[PDB]
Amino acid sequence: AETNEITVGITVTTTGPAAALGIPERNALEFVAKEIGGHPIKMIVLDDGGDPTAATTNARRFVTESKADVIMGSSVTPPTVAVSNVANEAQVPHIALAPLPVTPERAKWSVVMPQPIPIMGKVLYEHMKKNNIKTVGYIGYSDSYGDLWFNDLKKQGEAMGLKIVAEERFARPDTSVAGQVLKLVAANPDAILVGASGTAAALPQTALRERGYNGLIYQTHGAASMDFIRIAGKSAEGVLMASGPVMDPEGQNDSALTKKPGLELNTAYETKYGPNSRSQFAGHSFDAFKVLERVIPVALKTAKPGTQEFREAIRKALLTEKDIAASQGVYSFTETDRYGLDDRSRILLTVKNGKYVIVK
């Protein structure tokens, strides 16, 4: 059934432990295109609170009630897996805003805005090698996101000559990691890698410093916003953190494809929300619309919004529209690469005097 508007269902996490990721994603929607190819965009923006059940419910609603042309979300990995499962069963294009283990069952209908974990691990393990780190301890979520990172540390990390000497896990809502941190200190690794996101990533950060761990601490791209620094305080000093280029458009070459989109997003965002309010997360939902600005006019050549033919045409256009310039990288998807990113999609940050600083 044909419609004038293009319908985009968005489920993000604006309450609960991961609200630090979902709020900037929702807030960045004020600055995306409101019309593509003559057609107005109608967004239905829902909270899932990070819960995979809620995300399933929202994604099913997008299919059976909203009849969405495209689904986007969620903000953290477990509900993103749930969304991807629903979108693939229902045959609806899905743009993930959190990392997703992309299996054959999820690969046809899902693409992924966040940088794949091995691209981010590479830059962290290289820094470790360059700084005489041999032994490494890990603390991460007891879920698929914590697994993705531990698995990369084990495969890519060990291959580069690192030795993992401790593995601890914690749950997203935990308010204490006392026992886990005590085992990490006893192990005394050269460095610790934290596999977490948002404000929760600051919990092992502060706890390690409080218990007298003085070694280097590495954080993932899940931690890349002001919230981490606000909660970690002094304990964030000297942290090494993987991040997308949206954290430093000013530092990029004038000719870099990521520069104009990053300046555009950050200029508008930080004017509303103050200096250094840029985030990894606002980059993803802004970039999801950069992708739609490219694929929708192509799909409009074969079909109209609100039809299964339009959804299928979007899916094909994601395969043929190459080098999509965005704040976080330059995207080119294939049948088997649903992330579509390269080295232009990552930089390395540290923290000095409560500010993010590029490590060159």
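The numbering used is simple: start at 1 and walk along the sequence shown.
- Of the two stretches examined, 13-21 and 344-352, the record assigns the greater average C-alpha temperature factor to 13-21.
- Annotation for 235-243 versus 129-137: the higher mean temperature factor (C-alpha) is found in 129-137.
- In this structure the maximum Cα B-factor among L193, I117, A268, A87 is found at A268.
- Note on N276, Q219, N214, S75: the highest value goes to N276, judged by CA B factor as recorded.
- Among the modelled residues of its chain, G49 has a C-alpha B-factor that falls in the middle third according to the deposited record.
- Per the PDB record, residue ranking by Cα B-factor puts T57 in the lowest third of the chain.
- The deposited CA B-factor of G329 belongs to the lowest third of values across its chain.
- The PDB entry assigns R315 a C-alpha temperature factor belonging to the lowest third of its chain's modelled residues.
- Among the modelled residues of its chain, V357 has a C-alpha B-factor that falls in the middle third, as given in the PDB entry.
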